Amino acid sequence: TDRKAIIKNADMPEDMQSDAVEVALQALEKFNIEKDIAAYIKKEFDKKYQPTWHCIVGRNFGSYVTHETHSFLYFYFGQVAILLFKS
Amino acid sequence: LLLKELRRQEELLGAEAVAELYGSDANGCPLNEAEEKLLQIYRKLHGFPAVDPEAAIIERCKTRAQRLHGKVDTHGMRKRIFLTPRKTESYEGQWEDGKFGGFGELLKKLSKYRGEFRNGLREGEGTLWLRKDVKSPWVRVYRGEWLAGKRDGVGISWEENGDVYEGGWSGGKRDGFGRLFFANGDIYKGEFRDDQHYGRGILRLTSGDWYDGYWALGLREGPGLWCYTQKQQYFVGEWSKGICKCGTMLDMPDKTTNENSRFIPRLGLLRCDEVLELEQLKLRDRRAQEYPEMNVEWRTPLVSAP
């Protein structure tokens, strides 16, 4: 009941966001500091999908970023917010 | 001789297709002609249970128009009659009041049809064939009810792309409850209007993933539920113009293993339901502005089936 991930802004084919949440969980298991989580997630997506991707991760922020189509995702799980885009 | 016939048909269609066809069942899509006659050969050899539509059709038609004395129009059984002196079109069937009024066979230059008629146009059950040119052989695409020359009924379709469809028809377009089988192997059960998915529908793919949601303008549009079966994870949210942007992500109850897909941690947003609610209000406002007077719940409300 209390275990829940919520997606609240998305431009993303669905299997790709499932892959994204999986690898985000892997990133949380391996590391603790935000910067290393961001580095891992960006390099992993730059490997499976063509360059270039960008990622910003944290708890309190506001942002305005442009992106090309089907390359955007923003969601909550656990403790920290994830914003992801390709540009 | 029978074994030779069966073997030559089996190598004609393809051994993989033949083995698949042996694994078929009556819930599947209605087969095309080659598979039909292959299975007729297979059954008449083995005895591996009896239907005839033409018998019922002819049973229905004999009650229609009959011989009348001194009538100045056709109004009866006739042999082949050419509609033009150029001999490009021909018809062979009963008549009523100088127009087509019964069961008859019609031959065009590229099309050929066999069904009932009422006042010059197609009103009944019939089957349609097409050919690319005068040299190419007949290819069958249609089977269903007819009204005023266009498809007002429940029928069969074998699309040119390689798709096969079952469902209602009205105005010659897909309208009603229907089931769609794609060429790649996907299965879609849904409700159709205007030759698009304008209704509630259930979708399932080859890889096992399956869908429950609403559909609009041929794309995924509404509240619905998606399941990732191999990963034992399911997704609930709203779709708008082919892509969803607001949703909650959850694991299936029976998940007990650390392997196929990792577990979601046990913390989340404060009062998340309010935030999601605000989001679908935004989406609904933009939706109404972009497409006013539109209705996704046109004959099946959400409350009837969670």
# chains A, B, ... in the order shown; residues from 1 in each chain; ligands from 1
>>> closest_atom_pairs(of="chain B", to="chain A", cutoff="12 Å", atoms="only C-alpha atoms", output="CSV")
residue,atom,partner,partner_atom,distance
B:207,CA,A:15,CA,11.7
B:209,CA,A:15,CA,10.2
B:211,CA,A:14,CA,11.8
B:226,CA,A:14,CA,9.7
B:227,CA,A:14,CA,10.8
B:228,CA,A:18,CA,8.6
B:229,CA,A:15,CA,11.9
B:230,CA,A:18,CA,11.6
B:231,CA,A:18,CA,9.2
B:232,CA,A:18,CA,11.3
B:233,CA,A:18,CA,8.9
B:234,CA,A:18,CA,9.9
B:235,CA,A:6,CA,9.2
B:236,CA,A:6,CA,9.2
B:237,CA,A:7,CA,8.3
B:238,CA,A:8,CA,10.0
B:239,CA,A:10,CA,10.2
B:240,CA,A:11,CA,10.7
B:241,CA,A:11,CA,10.9
B:242,CA,A:13,CA,9.5
B:243,CA,A:11,CA,6.7
B:244,CA,A:10,CA,6.6
B:245,CA,A:10,CA,4.4
B:246,CA,A:8,CA,4.4
B:247,CA,A:7,CA,4.7
B:248,CA,A:6,CA,4.1
B:249,CA,A:5,CA,4.8
B:250,CA,A:4,CA,5.8
B:251,CA,A:4,CA,8.3
B:252,CA,A:1,CA,11.3
B:253,CA,A:1,CA,10.2
B:258,CA,A:26,CA,11.8
B:259,CA,A:22,CA,11.4
B:260,CA,A:22,CA,10.1
B:261,CA,A:22,CA,7.0
B:262,CA,A:22,CA,6.6
B:263,CA,A:25,CA,8.0
B:264,CA,A:3,CA,6.2
B:265,CA,A:78,CA,5.3
B:266,CA,A:3,CA,4.1
B:267,CA,A:78,CA,4.6
B:268,CA,A:78,CA,5.4
B:269,CA,A:76,CA,7.1
B:270,CA,A:76,CA,10.8
B:271,CA,A:2,CA,11.5
B:272,CA,A:6,CA,8.0
B:273,CA,A:6,CA,9.7
B:274,CA,A:8,CA,11.6
B:275,CA,A:8,CA,8.2
B:276,CA,A:8,CA,6.9
B:277,CA,A:8,CA,10.3
B:278,CA,A:8,CA,10.1
B:279,CA,A:8,CA,7.4
B:280,CA,A:8,CA,9.7
B:282,CA,A:9,CA,11.6
B:283,CA,A:9,CA,11.0
>>> select_by_dssp(residues="chain A", states="strand (DSSP E or B)", output="PyMOL selection string")
chain A and resi 5-11+53-58+72-77+80-86
>>> write_last_selection(atoms="N, CA, C and O atoms", output="compact mmCIF listing (two decimals), in the first residue's frame")
# COMPACT_ATOMS: atom_id res chain seq x y z
N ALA A 5 5.41 4.15 -6.71
CA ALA A 5 6.10 5.10 -7.57
C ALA A 5 5.06 5.80 -8.44
O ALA A 5 4.16 5.14 -8.98
N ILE A 6 5.18 7.11 -8.58
CA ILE A 6 4.20 7.91 -9.30
C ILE A 6 4.90 8.70 -10.40
O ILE A 6 5.98 9.26 -10.18
N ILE A 7 4.31 8.71 -11.59
CA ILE A 7 4.81 9.45 -12.73
C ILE A 7 3.88 10.63 -12.95
O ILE A 7 2.66 10.45 -13.06
N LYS A 8 4.44 11.84 -12.99
CA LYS A 8 3.60 13.03 -12.96
C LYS A 8 3.88 13.97 -14.12
O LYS A 8 3.27 15.03 -14.23
N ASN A 9 4.79 13.57 -15.01
CA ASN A 9 5.07 14.31 -16.23
C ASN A 9 5.87 13.42 -17.15
O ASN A 9 6.94 12.94 -16.77
N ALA A 10 5.39 13.18 -18.37
CA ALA A 10 6.01 12.12 -19.16
C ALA A 10 5.87 12.40 -20.65
O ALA A 10 4.81 12.83 -21.12
N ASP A 11 6.95 12.13 -21.38
CA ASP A 11 6.93 12.03 -22.84
C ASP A 11 7.91 10.90 -23.16
O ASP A 11 9.11 11.15 -23.35
N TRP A 53 22.08 12.32 -23.61
CA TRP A 53 21.04 12.43 -22.60
C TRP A 53 21.55 13.25 -21.43
O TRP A 53 22.76 13.38 -21.22
N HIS A 54 20.62 13.82 -20.68
CA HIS A 54 20.95 14.60 -19.49
C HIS A 54 20.01 14.23 -18.36
O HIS A 54 18.87 13.83 -18.58
N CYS A 55 20.50 14.40 -17.13
CA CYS A 55 19.74 14.01 -15.96
C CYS A 55 20.04 14.98 -14.82
O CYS A 55 21.19 15.39 -14.63
N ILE A 56 19.00 15.35 -14.09
CA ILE A 56 19.13 16.18 -12.90
C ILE A 56 18.31 15.51 -11.80
O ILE A 56 17.17 15.09 -12.03
N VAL A 57 18.92 15.33 -10.63
CA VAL A 57 18.33 14.55 -9.55
C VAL A 57 18.49 15.31 -8.25
O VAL A 57 19.54 15.93 -8.01
N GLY A 58 17.45 15.31 -7.42
CA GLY A 58 17.46 16.09 -6.20
C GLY A 58 16.08 16.10 -5.56
O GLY A 58 15.19 15.35 -5.96
N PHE A 72 11.27 12.58 -22.59
CA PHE A 72 11.12 13.31 -21.33
C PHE A 72 10.43 12.43 -20.29
O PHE A 72 9.49 11.71 -20.62
N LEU A 73 10.89 12.53 -19.05
CA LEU A 73 10.32 11.75 -17.96
C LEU A 73 10.64 12.43 -16.63
O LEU A 73 11.74 12.94 -16.42
N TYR A 74 9.66 12.42 -15.72
CA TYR A 74 9.78 13.06 -14.41
C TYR A 74 8.84 12.36 -13.45
O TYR A 74 7.63 12.29 -13.72
N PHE A 75 9.37 11.86 -12.33
CA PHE A 75 8.60 10.96 -11.48
C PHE A 75 9.23 10.91 -10.09
O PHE A 75 10.37 11.32 -9.89
N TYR A 76 8.46 10.39 -9.14
CA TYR A 76 8.86 10.25 -7.75
C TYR A 76 8.91 8.78 -7.36
O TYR A 76 8.04 8.00 -7.78
N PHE A 77 9.91 8.41 -6.57
CA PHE A 77 9.89 7.12 -5.89
C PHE A 77 10.86 7.20 -4.72
O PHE A 77 11.88 7.89 -4.79
N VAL A 80 13.72 10.57 -3.53
CA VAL A 80 14.31 11.64 -4.34
C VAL A 80 13.56 11.72 -5.66
O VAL A 80 13.03 10.73 -6.16
N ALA A 81 13.51 12.93 -6.22
CA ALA A 81 12.86 13.21 -7.49
C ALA A 81 13.86 13.08 -8.64
O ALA A 81 15.02 13.48 -8.51
N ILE A 82 13.39 12.55 -9.76
CA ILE A 82 14.21 12.34 -10.95
C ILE A 82 13.62 13.11 -12.11
O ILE A 82 12.42 12.97 -12.41
N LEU A 83 14.44 13.94 -12.75
CA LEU A 83 14.12 14.60 -14.02
C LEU A 83 15.11 14.17 -15.08
O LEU A 83 16.32 14.24 -14.87
N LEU A 84 14.59 13.75 -16.23
CA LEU A 84 15.38 13.15 -17.29
C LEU A 84 14.93 13.69 -18.64
O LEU A 84 13.72 13.79 -18.89
N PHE A 85 15.88 14.03 -19.50
CA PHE A 85 15.55 14.49 -20.84
C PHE A 85 16.72 14.23 -21.78
O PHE A 85 17.88 14.19 -21.36
N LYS A 86 16.39 14.05 -23.05
CA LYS A 86 17.37 13.96 -24.13
C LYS A 86 17.37 15.27 -24.91
O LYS A 86 16.31 15.81 -25.23
>>> closest_residue(among="B:189, B:112, B:75, B:200", to="residue 89 of chain B", atoms="only C-alpha atoms")
B:112
>>> closest_residue(among="B:66, B:198, B:218, B:161", to="residue 184 of chain B", atoms="only C-alpha atoms")
B:161
>>> residues_around(residues="residue 17 of chain B", least_positions_apart="4", cutoff="12 Å", atoms="only C-alpha atoms", output="PyMOL selection string")
chain B and resi 9-13+21-24+31+34-35+38-39
>>> atom_distance(atom1="atom CA of residue 27 of chain A", atom2="atom CA of residue 71 of chain A")
20.0 Å
>>> decode(residues="segment 48-77 of chain B", atoms="N, CA and C atoms", output="compact mmCIF listing (two decimals), in the first residue's frame")
# COMPACT_ATOMS: atom_id res chain seq x y z
N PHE B 48 -10.68 -36.00 -38.70
CA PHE B 48 -10.38 -35.16 -37.54
C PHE B 48 -11.59 -34.35 -37.09
N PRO B 49 -19.54 -29.80 -36.60
CA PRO B 49 -18.76 -30.68 -37.47
C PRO B 49 -19.20 -30.64 -38.94
N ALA B 50 -20.22 -29.83 -39.24
CA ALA B 50 -20.68 -29.65 -40.61
C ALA B 50 -21.46 -28.35 -40.70
N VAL B 51 -21.08 -27.50 -41.67
CA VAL B 51 -21.71 -26.20 -41.86
C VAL B 51 -21.83 -25.92 -43.35
N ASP B 52 -22.85 -25.14 -43.71
CA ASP B 52 -23.03 -24.68 -45.09
C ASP B 52 -23.82 -23.37 -45.09
N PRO B 53 -23.18 -22.24 -45.42
CA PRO B 53 -23.92 -20.97 -45.43
C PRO B 53 -24.78 -20.78 -46.66
N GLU B 54 -24.33 -21.27 -47.82
CA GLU B 54 -25.08 -21.09 -49.06
C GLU B 54 -26.44 -21.76 -48.98
N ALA B 55 -26.51 -22.91 -48.30
CA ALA B 55 -27.79 -23.59 -48.14
C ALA B 55 -28.78 -22.72 -47.39
N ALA B 56 -28.34 -22.09 -46.30
CA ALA B 56 -29.22 -21.21 -45.54
C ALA B 56 -29.62 -19.98 -46.36
N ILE B 57 -28.66 -19.42 -47.11
CA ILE B 57 -28.97 -18.24 -47.92
C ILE B 57 -30.04 -18.56 -48.95
N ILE B 58 -29.85 -19.65 -49.70
CA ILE B 58 -30.83 -20.04 -50.72
C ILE B 58 -32.15 -20.42 -50.07
N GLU B 59 -32.09 -21.00 -48.87
CA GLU B 59 -33.30 -21.25 -48.09
C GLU B 59 -34.06 -19.95 -47.85
N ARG B 60 -33.34 -18.87 -47.59
CA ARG B 60 -34.00 -17.60 -47.27
C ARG B 60 -34.63 -16.96 -48.50
N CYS B 61 -34.07 -17.18 -49.69
CA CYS B 61 -34.43 -16.34 -50.83
C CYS B 61 -35.64 -16.87 -51.59
N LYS B 62 -35.98 -18.16 -51.46
CA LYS B 62 -37.02 -18.71 -52.32
C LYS B 62 -38.39 -18.09 -52.04
N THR B 63 -38.56 -17.45 -50.89
CA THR B 63 -39.85 -16.86 -50.55
C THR B 63 -40.09 -15.54 -51.28
N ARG B 64 -39.07 -15.02 -51.97
CA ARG B 64 -39.15 -13.69 -52.58
C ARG B 64 -39.91 -13.70 -53.90
N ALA B 65 -39.77 -12.63 -54.67
CA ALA B 65 -40.63 -12.34 -55.82
C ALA B 65 -40.75 -13.52 -56.77
N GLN B 66 -41.91 -13.59 -57.43
CA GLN B 66 -42.31 -14.77 -58.17
C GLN B 66 -42.94 -14.36 -59.50
N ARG B 67 -43.34 -15.38 -60.26
CA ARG B 67 -43.84 -15.17 -61.61
C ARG B 67 -45.18 -14.44 -61.57
N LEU B 68 -45.29 -13.37 -62.36
CA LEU B 68 -46.50 -12.56 -62.43
C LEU B 68 -46.81 -12.28 -63.90
N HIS B 69 -48.09 -12.35 -64.25
CA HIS B 69 -48.49 -12.31 -65.65
C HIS B 69 -48.46 -10.89 -66.21
N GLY B 70 -47.83 -10.74 -67.37
CA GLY B 70 -47.89 -9.50 -68.12
C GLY B 70 -47.14 -8.33 -67.51
N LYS B 71 -46.20 -8.61 -66.62
CA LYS B 71 -45.43 -7.53 -66.01
C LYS B 71 -44.39 -7.02 -67.01
N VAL B 72 -44.22 -5.70 -67.06
CA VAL B 72 -43.47 -5.07 -68.14
C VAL B 72 -42.00 -4.89 -67.78
N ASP B 73 -41.59 -5.38 -66.61
CA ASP B 73 -40.20 -5.34 -66.21
C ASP B 73 -39.72 -6.75 -65.92
N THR B 74 -38.44 -6.87 -65.55
CA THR B 74 -37.82 -8.18 -65.41
C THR B 74 -38.51 -9.03 -64.34
N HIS B 75 -38.36 -8.64 -63.07
CA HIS B 75 -39.14 -9.18 -61.95
C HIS B 75 -39.19 -10.71 -61.92
N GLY B 76 -38.03 -11.35 -62.00
CA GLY B 76 -38.02 -12.80 -61.94
C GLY B 76 -36.63 -13.37 -62.08
N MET B 77 -36.58 -14.70 -62.08
CA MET B 77 -35.32 -15.41 -62.28
C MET B 77 -34.81 -15.21 -63.70
